[PDB]
Amino acid sequence: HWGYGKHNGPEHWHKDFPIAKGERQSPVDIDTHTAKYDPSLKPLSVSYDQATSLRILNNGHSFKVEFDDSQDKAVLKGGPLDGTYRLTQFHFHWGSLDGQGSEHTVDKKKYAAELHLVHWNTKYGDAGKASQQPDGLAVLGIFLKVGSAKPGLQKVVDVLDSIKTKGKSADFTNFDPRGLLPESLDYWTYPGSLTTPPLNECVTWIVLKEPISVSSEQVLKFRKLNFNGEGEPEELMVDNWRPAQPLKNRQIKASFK
Ligand SMILES: NS(=O)(=O)c1c(F)c(F)c(S(=O)(=O)CCO)c(F)c1F
Ligand SMILES: [Zn+2]
């Protein structure tokens, strides 16, 4: 199957998923000088007060916290979005070293990791149908740099030993994703894609300018996860990021400056 290795990583994905070479692939480098300040963009409304986390799993690519998105709870709106997008899950991408790991880059700078909070447009009824639409998903991306710990991340870090290998899952209730957000909601936005197969061009990307800081111990715990299932040769889950893709005919818009 697809993965992040020499023989099945990003440079191979186009063979099963030809949209890999499409016109709106993600991630991209955000060239801050070239991004257009758009005074008509709205502040982003992030309304996470009633979020209900359910489960955390290791899917062999990342780990993901899934939410109960069966009611209009945790929702994203405003910004570049028309309508209401409901939070369904978050997951991360990270590196083998603190100098790489993010998917998006800023002026070619790579962060240690990137958090993706995945939301689907309610007009499409469910996440699966939304992923078939050009405005189906909105992913809020947040960079992680290594420095002081993020207290709101610790609950996640501490359960990872229970989901070490592909296929493992656990109950994971009462997790508040507000504890993963930076102070500022200033952002860049552009039309793009899923960053893993099937690479659907269904995402409005909203990438926050302000990174969150996590400690070296917290990110070390991410790197202790495994790509492999229990019983198979151990391959640490690190460098699960797709590199920047061609911007092609897109403009990245800034909510600030
Ligand atoms: N990294 S990303 O945020 O772009 C992203 C998603 F948010 C995403 F939802 C999918 S998915 O394929 O729709 C199922 C989730 O594992 C993805 F495949 C995917 F790549
Ligand atoms: Zn992602």
# chains A, B, ... in the order shown; residues from 1 in each chain; ligands from 1
call {"tool": "residues_around", "arguments": {"residues": "residue A:172", "least_positions_apart": "5", "cutoff": "9 Å", "atoms": "only C-alpha atoms", "output": "JSON, numbers by chain"}}
result
{"A": [53, 54, 55, 56, 65, 66, 156, 159]}
call {"tool": "write_last_selection", "arguments": {"atoms": "C-alpha atoms", "output": "PDB file, in the first residue's frame"}}
result
ATOM      1  CA  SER A  53     -13.927  13.400  21.299  1.00  0.00           C
ATOM      2  CA  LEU A  54     -14.550   9.630  21.039  1.00  0.00           C
ATOM      3  CA  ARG A  55     -11.506   7.541  20.159  1.00  0.00           C
ATOM      4  CA  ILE A  56      -7.850   7.772  19.229  1.00  0.00           C
ATOM      5  CA  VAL A  65      -8.541  11.676  17.395  1.00  0.00           C
ATOM      6  CA  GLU A  66     -12.050  11.195  16.137  1.00  0.00           C
ATOM      7  CA  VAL A 156      -2.832  13.054  23.827  1.00  0.00           C
ATOM      8  CA  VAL A 159      -2.159   7.753  25.665  1.00  0.00           C
TER       9      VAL A 159
END
call {"tool": "closest_atom_pairs", "arguments": {"of": "stretch 180-243 of chain A", "to": "stretch 77-86 of chain A", "cutoff": "12 Å", "atoms": "only C-alpha atoms", "output": "Markdown table"}}
result
| residue | atom | partner | partner_atom | distance |
| --- | --- | --- | --- | --- |
| A:185 | CA | A:79 | CA | 9.8 |
| A:186 | CA | A:79 | CA | 9.7 |
| A:187 | CA | A:79 | CA | 8.8 |
| A:188 | CA | A:80 | CA | 9.7 |
| A:189 | CA | A:80 | CA | 7.3 |
| A:190 | CA | A:80 | CA | 8.9 |
| A:191 | CA | A:80 | CA | 10.1 |
| A:203 | CA | A:81 | CA | 10.8 |
| A:204 | CA | A:81 | CA | 7.9 |
| A:205 | CA | A:80 | CA | 9.4 |
| A:206 | CA | A:80 | CA | 8.3 |
| A:207 | CA | A:79 | CA | 11.2 |
| A:208 | CA | A:79 | CA | 11.5 |
call {"tool": "write_last_selection", "arguments": {"atoms": "C-alpha atoms", "output": "mmCIF file, in the first residue's frame"}}
result
data_model
loop_
_atom_site.group_PDB
_atom_site.id
_atom_site.type_symbol
_atom_site.label_atom_id
_atom_site.label_comp_id
_atom_site.auth_asym_id
_atom_site.auth_seq_id
_atom_site.Cartn_x
_atom_site.Cartn_y
_atom_site.Cartn_z
ATOM 1 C CA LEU A 185 -6.184 33.207 14.540
ATOM 2 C CA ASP A 186 -4.356 35.136 11.791
ATOM 3 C CA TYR A 187 -4.126 32.816 8.787
ATOM 4 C CA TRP A 188 -3.287 32.105 5.192
ATOM 5 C CA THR A 189 -5.809 30.325 2.987
ATOM 6 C CA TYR A 190 -5.767 28.639 -0.417
ATOM 7 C CA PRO A 191 -7.663 25.890 -2.311
ATOM 8 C CA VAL A 203 -9.951 21.127 0.838
ATOM 9 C CA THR A 204 -10.025 24.802 1.707
ATOM 10 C CA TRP A 205 -6.790 25.118 3.630
ATOM 11 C CA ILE A 206 -6.622 27.596 6.533
ATOM 12 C CA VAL A 207 -3.061 27.654 7.920
ATOM 13 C CA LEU A 208 -2.465 29.676 11.067
#
call {"tool": "closest_atom_pairs", "arguments": {"of": "chain A", "to": "ligand 2", "cutoff": "9 Å", "atoms": "only C-alpha atoms and all ligand atoms", "output": "JSON lines"}}
result
{"residue": "A:62", "atom": "CA", "partner": "ligand 2", "partner_atom_place_in_ligand_line": "1 (Zn)", "distance": 8.3}
{"residue": "A:90", "atom": "CA", "partner": "ligand 2", "partner_atom_place_in_ligand_line": "1 (Zn)", "distance": 7.9}
{"residue": "A:91", "atom": "CA", "partner": "ligand 2", "partner_atom_place_in_ligand_line": "1 (Zn)", "distance": 6.1}
{"residue": "A:92", "atom": "CA", "partner": "ligand 2", "partner_atom_place_in_ligand_line": "1 (Zn)", "distance": 6.0}
{"residue": "A:93", "atom": "CA", "partner": "ligand 2", "partner_atom_place_in_ligand_line": "1 (Zn)", "distance": 6.2}
{"residue": "A:103", "atom": "CA", "partner": "ligand 2", "partner_atom_place_in_ligand_line": "1 (Zn)", "distance": 7.9}
{"residue": "A:114", "atom": "CA", "partner": "ligand 2", "partner_atom_place_in_ligand_line": "1 (Zn)", "distance": 7.6}
{"residue": "A:115", "atom": "CA", "partner": "ligand 2", "partner_atom_place_in_ligand_line": "1 (Zn)", "distance": 7.0}
{"residue": "A:116", "atom": "CA", "partner": "ligand 2", "partner_atom_place_in_ligand_line": "1 (Zn)", "distance": 5.0}
{"residue": "A:117", "atom": "CA", "partner": "ligand 2", "partner_atom_place_in_ligand_line": "1 (Zn)", "distance": 8.0}
{"residue": "A:118", "atom": "CA", "partner": "ligand 2", "partner_atom_place_in_ligand_line": "1 (Zn)", "distance": 8.1}
{"residue": "A:139", "atom": "CA", "partner": "ligand 2", "partner_atom_place_in_ligand_line": "1 (Zn)", "distance": 8.2}
{"residue": "A:141", "atom": "CA", "partner": "ligand 2", "partner_atom_place_in_ligand_line": "1 (Zn)", "distance": 8.1}
{"residue": "A:194", "atom": "CA", "partner": "ligand 2", "partner_atom_place_in_ligand_line": "1 (Zn)", "distance": 7.2}
{"residue": "A:195", "atom": "CA", "partner": "ligand 2", "partner_atom_place_in_ligand_line": "1 (Zn)", "distance": 6.0}
{"residue": "A:196", "atom": "CA", "partner": "ligand 2", "partner_atom_place_in_ligand_line": "1 (Zn)", "distance": 7.2}
{"residue": "A:241", "atom": "CA", "partner": "ligand 2", "partner_atom_place_in_ligand_line": "1 (Zn)", "distance": 8.0}
call {"tool": "write_last_selection", "arguments": {"atoms": "C-alpha atoms", "output": "tab-separated table (two decimals), in the first residue's frame"}}
result
chain	number	residue	atom	x	y	z
A	62	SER	CA	-0.62	9.04	11.69
A	90	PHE	CA	-7.52	15.84	14.07
A	91	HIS	CA	-4.15	14.26	13.43
A	92	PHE	CA	-0.55	15.31	13.05
A	93	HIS	CA	2.41	15.01	10.70
A	103	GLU	CA	3.68	19.63	5.38
A	114	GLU	CA	1.79	20.17	11.80
A	115	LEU	CA	-1.62	19.65	13.36
A	116	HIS	CA	-4.60	19.23	11.00
A	117	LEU	CA	-8.10	19.82	12.37
A	118	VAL	CA	-10.40	18.37	9.71
A	139	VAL	CA	-8.56	21.83	7.28
A	141	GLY	CA	-3.41	23.67	9.94
A	194	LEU	CA	-5.88	16.04	1.00
A	195	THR	CA	-2.16	15.57	1.67
A	196	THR	CA	-2.41	11.77	1.73
A	241	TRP	CA	4.71	14.40	5.75
call {"tool": "select_by_dssp", "arguments": {"residues": "stretch 9-203 of chain A", "states": "strand (DSSP E or B)", "output": "number ranges by chain"}}
result
A: 29-30, 36-37, 44-47, 53-58, 63-67, 75-78, 84-94, 105-106, 109, 113-121, 137-146, 169-171, 187-192, 203
call {"tool": "atom_distance", "arguments": {"atom1": "atom 11 (S, counted along the ligand's line) of ligand 1", "atom2": "atom CA of residue A:169"}}
result
17.3 Å
call {"tool": "closest_residue", "arguments": {"among": "A:2, A:13, A:256, A:124", "to": "residue A:39", "atoms": "only C-alpha atoms"}}
result
A:256
call {"tool": "residues_around", "arguments": {"residues": "residue A:153", "least_positions_apart": "5", "cutoff": "9 Å", "atoms": "only C-alpha atoms", "output": "list in words"}}
result
residues 158, 177, 179, 180, 214 and 218 of chain A
call {"tool": "atom_distance", "arguments": {"atom1": "atom CA of residue A:20", "atom2": "atom CA of residue A:193"}}
result
9.2 Å
call {"tool": "closest_residue", "arguments": {"among": "A:120, A:4, A:222, A:37", "to": "ligand 1", "atoms": "only C-alpha atoms and all ligand atoms"}}
result
A:120
call {"tool": "atom_distance", "arguments": {"atom1": "atom CA of residue A:111", "atom2": "atom CA of residue A:27"}}
result
13.2 Å
call {"tool": "residues_around", "arguments": {"residues": "residue A:192", "least_positions_apart": "2", "cutoff": "6 Å", "atoms": "only C-alpha atoms", "output": "list in words"}}
result
residues 24, 25, 26, 201 and 203 of chain A
call {"tool": "closest_residue", "arguments": {"among": "A:225, A:236, A:112, A:44", "to": "residue A:157", "atoms": "only C-alpha atoms"}}
result
A:225
call {"tool": "closest_residue", "arguments": {"among": "A:128, A:136, A:167, A:22", "to": "residue A:231", "atoms": "only C-alpha atoms"}}
result
A:167
call {"tool": "closest_residue", "arguments": {"among": "A:87, A:46, A:247, A:238", "to": "ligand 1", "atoms": "only C-alpha atoms and all ligand atoms"}}
result
A:87
